[PDB]
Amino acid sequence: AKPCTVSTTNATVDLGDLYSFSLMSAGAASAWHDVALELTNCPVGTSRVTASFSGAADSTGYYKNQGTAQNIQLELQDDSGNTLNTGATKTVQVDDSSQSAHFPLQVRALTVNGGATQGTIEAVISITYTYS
């Protein structure tokens, strides 16, 4: 189907300062932090927008920290409990009246193995849209 207009080409989510003592146990995680994507002027005939996610994964399957903190990975979810690791997809309905679409997402830091160490958190998740 014909494409919408991407409103949010870039989005940032800042997990802020996390303390290593709170990321000690295996499976420990930060609070969720919201991030959202928006599309506009979805043409007539286009009623669903599919986002395909990608980014470098580490051995845990979650997104790899490109920063220096060790034993940290990044998790992306939608607003319904679905994990969106690399290669995942999520589809939303275009709002019929406004001809817009949006993706309410959330990110957290996770230590799968435990024992997070001090350092930066840095990652980039890429999204390609398809239309139906």
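In case it trips you up, residue 1 is the first one in the sequence shown, and so on.
In this entry, 38 to 46 has the higher mean Cα B-factor, the comparison being between 38 to 46 and 82 to 90.
Averaged over CA atoms, B-factors in the entry run higher in 22 to 30 than in the other of 65 to 73 and 22 to 30.
The residue among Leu110, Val124, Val13, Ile121 whose C-alpha atom has the highest B-factor in the PDB entry is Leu110. Among the modelled residues of its chain, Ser100 has a C-alpha B-factor that falls in the highest third, as given in the PDB entry. Per-chain ranking of the deposited C-alpha B factor places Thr130 in the lowest third.
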